[PDB]
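A.B. asks: Just so you know, the sequences run in chain order A and B. Per the entry's author numbering, the very first residue in the first sequence carries number 892; after that it's consecutive. Per the entry's author numbering, the very first residue in the second sequence carries number 892; after that it's consecutive.
Protein chains: 2
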Amino acid sequence: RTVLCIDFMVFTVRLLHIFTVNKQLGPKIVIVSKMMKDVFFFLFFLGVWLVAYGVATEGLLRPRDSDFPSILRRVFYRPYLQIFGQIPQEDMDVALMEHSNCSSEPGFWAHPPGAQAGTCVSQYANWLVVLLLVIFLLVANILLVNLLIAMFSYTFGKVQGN
Amino acid sequence: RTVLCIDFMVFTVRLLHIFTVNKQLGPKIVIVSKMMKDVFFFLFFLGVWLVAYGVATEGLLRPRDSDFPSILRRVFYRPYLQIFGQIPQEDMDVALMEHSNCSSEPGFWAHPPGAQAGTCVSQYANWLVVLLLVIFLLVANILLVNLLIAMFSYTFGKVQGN
């Protein structure tokens, strides 16, 4: 069943062949094919930034879950959704979560309300985690996305004739 | 540990040197370097607008927390997140929060449900706070962001050859 569901995606994508017939849509699809160079540049740039921000935030928070599937989720998945307006402030900002004792390790700890945000996170320098979130949103949600729009606009005008 | 986490960010950023080898990615990175003039203009314009809107909203609400770390959060941090779809309407709109008596100061007061939104805020002219939010979203989320896209598009086309 699982592979068939993915197989349905391939069949549905084949439907794009219809628009090649139309005079005003055929050129559009060809231009779309030529945008892959711009998309790959954005993905590689985004991938580097996600790794840098994701690991640093995970390293600063020090969640006590420390599980490989969960660590990958907090490093890659959670920052990725922050690009699309999903910002779980209650899972990184210590001021939004109650303080509690969870581990015998020295320092202070806070208990996030999220299910996959870890049992408890460190609060040594949480202003930096907030600051990193501020910088990440500026670079990803604004600088990178607007850069891709400019790259798309230039490419569309250049390859329109060909 | 804290500085090492930031140090990891610097090491990861160095990875962008790889794309300089590729023929179709090397020029892209150079153009990115030349976009800093546009970014600085947007940041300075945004910084002025955040200060203007942030302080006025804080001044109108008159939250009773009145703590310097919290005041800075409500002046800079909260309006910044409003750009990226994080609009805590229950923390400024009085109609969304219950009315209660918190201080002996004359007037009427309401109790926000937020943890860092202040113990209670004034409700003298709350329609203006809502109106300021409407104007802020128009200028920031629409006018400034779309302006930066246009500035990026013009710069990308101009410096492509060089």
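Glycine included, every Cβ here is placed at the ideal spot set by N, Cα and C.
Which chain B residues sit within Cβ distance under 8 Å of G950 of chain A?
C.D. replies: Working through the first sequence from its first residue, we reach residue 950 of chain A at position 59. Residues of chain B passing the Cβ test: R892, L895, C896 and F899.
A.B. asks: Which residues of the stretch 968-996 of chain B have a Cβ closer than 9 Å to any Cβ of chain A? Give them in chain order.
C.D. replies: Answer in chain order: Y968, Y971, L972, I974, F975, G976 and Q977.
A.B. asks: So the alpha helix (DSSP H) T1010 of chain A belongs to, where does it begin and stop?
C.D. replies: Taking the first sequence and counting its residues from 1, one reaches residue 1010 of chain A at position 119. No alpha helix (DSSP H) contains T1010 of chain A, which DSSP labels as neither H nor E.
A.B. asks: Within the chosen definition, does the stretch 958-968 of chain B reach the stretch 1033-1045 of chain B through at least 3 CB pairs nearer than 8 Å?
C.D. replies: Contact between the stretch 958-968 of chain B and the stretch 1033-1045 of chain B is absent, because fewer than three Cβ pairs lie under 8 Å.
A.B. asks: Say whether chain A places a C-beta atom closer than 7 Å to the C-beta of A1031 of chain B.
C.D. replies: Translated into the one-based positions of the second sequence, residue 1031 of chain B becomes position 140. Cβ-Cβ to chain A under 7 Å: no for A1031 of chain B.
A.B. asks: Please confirm whether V1020 of chain B and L951 of chain B have their CB atoms less than 7 Å apart.
C.D. replies: Taking the first residue of the second sequence as 1, we reach residue 1020 of chain B at position 129. Taking the first residue of the second sequence as 1, we reach residue 951 of chain B at position 60. A contact, by the Cβ cut-off of 7 Å.
A.B. asks: Going by beta carbon distance, what residues of the same chain come within less than 7 Å of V946 of chain A, once the five residues before and after it are set aside?
C.D. replies: For the purposes of this step, residue 946 of chain A is taken as residue 55 along the first sequence, with counting starting at 1. Here the set comprises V966.
A.B. asks: Just checking my contact of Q1014 of chain B with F999 of chain B at CB under 8 Å: how many whole Å lie between their CB atoms?
C.D. replies: If you number the second sequence from 1, residue 1014 of chain B lands on position 123. If you number the second sequence from 1, residue 999 of chain B lands on position 108. Going by Cβ atoms, the distance from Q1014 of chain B to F999 of chain B rounds to 5 Å, so yes, they are a contact pair.
A.B. asks: Could you pull the start and end residues of the alpha helix (DSSP H) that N1017 of chain A belongs to?
C.D. replies: Within the first sequence, the letter at position 126 stands for residue 1017 of chain A. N1017 to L1028 is the extent of the alpha helix (DSSP H) around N1017 of chain A.
A.B. asks: For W1000 of chain A, which residues does DSSP report across the bridge?
C.D. replies: By 1-based counting over the first sequence, the position of residue 1000 of chain A is 109. A:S1013.
A.B. asks: Around the C-beta of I909 of chain B, are 16 or more other C-beta atoms found within 10 angstroms, so that it is buried, or is it exposed?
C.D. replies: As a working mapping, residue 909 of chain B is identified with position 18 in the second sequence. Classification for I909 of chain B: exposed.
A.B. asks: Under a Cβ-count criterion, where at least 16 other Cβ atoms within 10 Å of its own Cβ denotes burial, should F899 of chain A be classed as buried or exposed?
C.D. replies: Translated into positions along the first sequence, residue 899 of chain A becomes position 8. Exposed, since its Cβ has fewer than 16 Cβ neighbours within 10 Å.
A.B. asks: Mind checking if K919 of chain B is an interface residue toward chain A, Cβ cutoff 7 Å exclusive?
C.D. replies: What you label residue 919 of chain B is simply residue 28 of the second sequence in a count that begins at 1. Yes - at least one Cβ of chain A is within 7 Å of the one on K919 of chain B.
A.B. asks: Buried or exposed: where does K925 of chain B fall if 16 or more other Cβ atoms within 10 Å of its Cβ makes it buried?
C.D. replies: Position 34 of the second sequence, counted from the start, is the residue given in the question as residue 925 of chain B. Exposed: under 16 other Cβ atoms inside 10 Å.
A.B. asks: Residues of the stretch 903-918 of chain B in Cβ contact with chain D at a cutoff of 7 Å, in chain order, please.
C.D. replies: Absence of chain D from the displayed structure is noted, the protein chains being A and B.
A.B. asks: Is it right to say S1044 of chain B is buried, meaning 16 or more other beta carbons lie within 10 angstroms of its own, or is it exposed?
C.D. replies: Within the second sequence, numbered from 1, the residue matching residue 1044 of chain B stands at position 153. When all chains shown are included, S1044 of chain B counts as buried.
A.B. asks: Using a Cβ-Cβ cut-off of less than 7 Å, give me the residues of the stretch 930-945 of chain A that come near chain B, in sequence order.
C.D. replies: If the cut-off is 7 Å between Cβ atoms, the stretch 930-945 of chain A has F932, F935, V939, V942 and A943 near chain B.
A.B. asks: Does the stretch 919-934 of chain A come within contact of the stretch 981-997 of chain A, defined as at least 3 CB pairs closer than 8 Å?
C.D. replies: Taking 8 Å as the limit for Cβ pairs, the verdict is that the stretch 981-997 of chain A does not touch the stretch 919-934 of chain A.
A.B. asks: Using the beta-carbon of each residue, which ones in chain A are nearer than 7 Å to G1048 of chain B?
C.D. replies: Position 157 of the second sequence, counted from the start, is the residue given in the question as residue 1048 of chain B. Per Cβ cutoff of 7 Å: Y1045.
A.B. asks: Do you know whose CA, among A:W1018, A:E949 and A:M983, lies nearest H1002 of chain A's CA?
C.D. replies: As a first step, residue 1002 of chain A is located in the first sequence; it is residue number 111 there, counting from the start. Nearest of A:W1018, A:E949 and A:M983 to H1002 of chain A, Cα basis: A:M983.
A.B. asks: So, are the CB atoms of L941 of chain B and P970 of chain B less than 7 Å apart?
C.D. replies: To locate residue 941 of chain B, count along the second sequence from 1; it is residue 50. To locate residue 970 of chain B, count along the second sequence from 1; it is residue 79. Their beta carbons are under 7 Å apart, which means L941 of chain B touches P970 of chain B by this criterion.
A.B. asks: For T1046 of chain B, which residues from the same chain have a beta carbon less than 7 Å from its beta carbon, with the 5 sequence-adjacent residues on both sides left out?
C.D. replies: In the second sequence, counting from the first residue as 1, residue 1046 of chain B sits at position 155. Excluding residues within five positions, the ones whose Cβ falls inside 7 Å are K925, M926 and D929.
A.B. asks: Can you tell which of B:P979, B:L937, B:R905 and B:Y968 has the C-alpha that lies nearest to the C-alpha of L1022 of chain A?
C.D. replies: In the first sequence, residue 1022 of chain A corresponds to position 131, counting from 1. Residue B:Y968 is the option with its Cα nearest to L1022 of chain A.
A.B. asks: List the whole-angstrom C-beta distance separating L963 of chain B from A1031 of chain B, where the pair is believed to meet the contact cut-off of C-beta under 8 Å.
C.D. replies: Here residue 963 of chain B is taken as the residue at index 72 of the second sequence, counted from 1. Here residue 1031 of chain B is taken as the residue at index 140 of the second sequence, counted from 1. About 19 Å separates the two Cβ atoms, so there is no contact after all.
A.B. asks: List the residues that DSSP assigns as beta-bridge partners of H990 of chain A.
C.D. replies: As a working mapping, residue 990 of chain A is identified with position 99 in the first sequence. In the DSSP output, where bridge partners are listed per residue, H990 of chain A has A:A1001.
A.B. asks: If we cut at 7 Å on Cβ distances, does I1040 of chain B have a partner in chain A?
C.D. replies: Taking the second sequence and counting its residues from 1, the one referred to as residue 1040 of chain B is at position 149. Yes, its Cβ sits closer than 7 Å to a Cβ of chain A.
A.B. asks: How would you list, in chain order, the residues of chain B whose beta-carbon sits under 7 Å from the beta-carbon of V1025 of chain A?
C.D. replies: Here the question's residue 1025 of chain A lines up with position 134 in the first sequence. Result: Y971.
A.B. asks: Look at the alpha carbon of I922 of chain A and the alpha carbon of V912 of chain B, and state the distance between them as a whole number of angstroms.
C.D. replies: Residue numbering aside, residue 922 of chain A sits at position 31 when the first sequence is read from its first letter. Residue numbering aside, residue 912 of chain B sits at position 21 when the second sequence is read from its first letter. So the alpha carbons of these two residues sit roughly 25 Å apart.
A.B. asks: Please list, in chain order, the chain A residues whose beta carbon lies closer than 9 Å to that of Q1007 of chain B.
C.D. replies: If you number the second sequence from 1, residue 1007 of chain B lands on position 116. In chain order: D984, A986 and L987.
A.B. asks: Considering Cα atoms alone, identify which of A:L1024, A:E981 and A:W1018 is closest to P1004 of chain A.
C.D. replies: The residue given as residue 1004 of chain A occupies position 113 in the first sequence. The residue with the shortest Cα to Cα distance from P1004 of chain A is A:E981.
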